[PDB]
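J.:
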Amino acid sequence: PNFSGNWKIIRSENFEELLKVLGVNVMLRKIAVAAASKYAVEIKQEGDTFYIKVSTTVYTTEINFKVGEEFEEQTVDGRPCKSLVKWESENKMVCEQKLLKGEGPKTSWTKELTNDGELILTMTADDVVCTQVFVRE
Ligand SMILES: *C/C=C(C)/C=C/C=C(C)/C=C/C1=C(C)CCCC1(C)C
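Take the sequence shown: its position 35, counted from the start at 1, is 35 in the deposited numbering, and no numbers get skipped.
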């Protein structure tokens, strides 16, 4: 597959519920949900190496990794973690995360390229799964 692209969000479900599990208070959850309404994901993929830039209106972050090699990023609620991405199939990868310090919910994410040109991101905290769908810009 080629995940490369400038991806624009078209749907976001269960994001507030995810943030609630992660301990974010109500007003900030609503504000974060609003920022997700228009956010972008830019992917450059070369073989098993990924460069990912996630951007909202006022914030941008980069996530760089090679599949199967541990790296450091942050959880959704911003806690530093160690991460490891593996393929689950031709067009889907899964990332397991472990907190660098302390305890907290078990978090992870997945990225899938569908056959109709959508990118599906999921983000999980314990029992709660957020699903977001993007198309290429
Ligand atoms: C592989 C693609 C990944 C890991 C995308 C991750 C995206 C996020 C962690 C998005 C986080 C956001 C917040 C934590 C609040 C502001 C809105 C978002 C959706 C940009």
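All C-beta atoms, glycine included, are put in the ideal place defined by N, C-alpha and C.
Do the region 8-26 and the region 44-52 make contact, defined as three or more Cβ pairs closer than 8 Å?
T.: Not touching, per the Cβ criterion.
J.: Check each candidate in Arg79, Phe65, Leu113, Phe15 and name the one with the smallest Cα separation from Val33.
T.: As a first step, residue 33 must be located in the sequence shown, where it is residue number 33. Among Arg79, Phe65, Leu113, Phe15, the Cα nearest to that of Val33 is on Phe15.
J.: How about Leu119 and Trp7: are their beta carbons less than 8 Å apart?
T.: Residue mapping note: residue 119 aligns to position 119 of the sequence shown, counting from 1. Residue mapping note: residue 7 aligns to position 7 of the sequence shown, counting from 1. Their beta carbons are under 8 Å apart, which means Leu119 touches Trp7 by this criterion.
J.: Which of the three DSSP states, helix, strand or coil, is assigned to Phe71?
T.: Here residue 71 refers to the residue found at position 71 when the sequence shown is read from its first residue. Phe71 falls in the strand class under three-state DSSP.
J.: Out of curiosity, what's the CA-to-CA distance linking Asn91 and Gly68?
T.: Counting from 1 along the sequence shown, the entry for residue 91 is found at position 91. Counting from 1 along the sequence shown, the entry for residue 68 is found at position 68. When rounded, the distance between both Cα atoms is 15 Å.
J.: Can the beta-carbon of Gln97 be found less than 8 Å from the beta-carbon of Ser89?
T.: Mapped onto the sequence shown, residue 97 falls at position 97. Mapped onto the sequence shown, residue 89 falls at position 89. No, Cβ-Cβ distance for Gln97 and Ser89 is not below 8 Å.
J.: Would you say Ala125 touches ligand 1, meaning its beta carbon is less than 7 Å from a heavy atom?
T.: Locating residue 125 in the sequence shown gives position 125, where the first residue counts as 1. Checking the Cβ of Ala125 against ligand 1 gives no.
J.: Please report how far the alpha carbon of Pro1 lies from the alpha carbon of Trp87, in whole angstroms.
T.: If you number the sequence shown from 1, residue 1 lands on position 1. If you number the sequence shown from 1, residue 87 lands on position 87. So the alpha carbons of these two residues sit roughly 11 Å apart.
J.: Let me know if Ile63 comes out buried or exposed under the rule of 16 or more other beta-carbons within 10 Å of its beta-carbon.
T.: In the sequence shown, residue 63 corresponds to position 63, counting from 1. Flag for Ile63 reads buried.
J.: Mapping DSSP to helix, strand and coil, what is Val76?
T.: The count along the sequence shown starts at 1 and reaches residue 76 at position 76. If DSSP states are grouped into helix, strand and coil, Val76 belongs with coil.
J.: Going straight from the alpha carbon of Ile9 to that of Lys101, what length do you get?
T.: In the sequence shown, the residue the question calls residue 9 occupies position 9. In the sequence shown, the residue the question calls residue 101 occupies position 101. Their backbone Cα atoms lie some 32 Å apart in a straight line.
J.: Can you grab the Cα-Cα spacing for the pair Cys130 / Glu17, in whole Å?
T.: Residue mapping note: residue 130 aligns to position 130 of the sequence shown, counting from 1. Residue mapping note: residue 17 aligns to position 17 of the sequence shown, counting from 1. Roughly 8 Å between the two C-alpha positions.
J.: By how many angstroms is the C-alpha of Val85 removed from the C-alpha of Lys20?
T.: Stepping through the sequence shown from its first residue, residue 20 is reached at position 20. Stepping through the sequence shown from its first residue, residue 85 is reached at position 85. Each residue's alpha carbon lies about 25 Å from the other.
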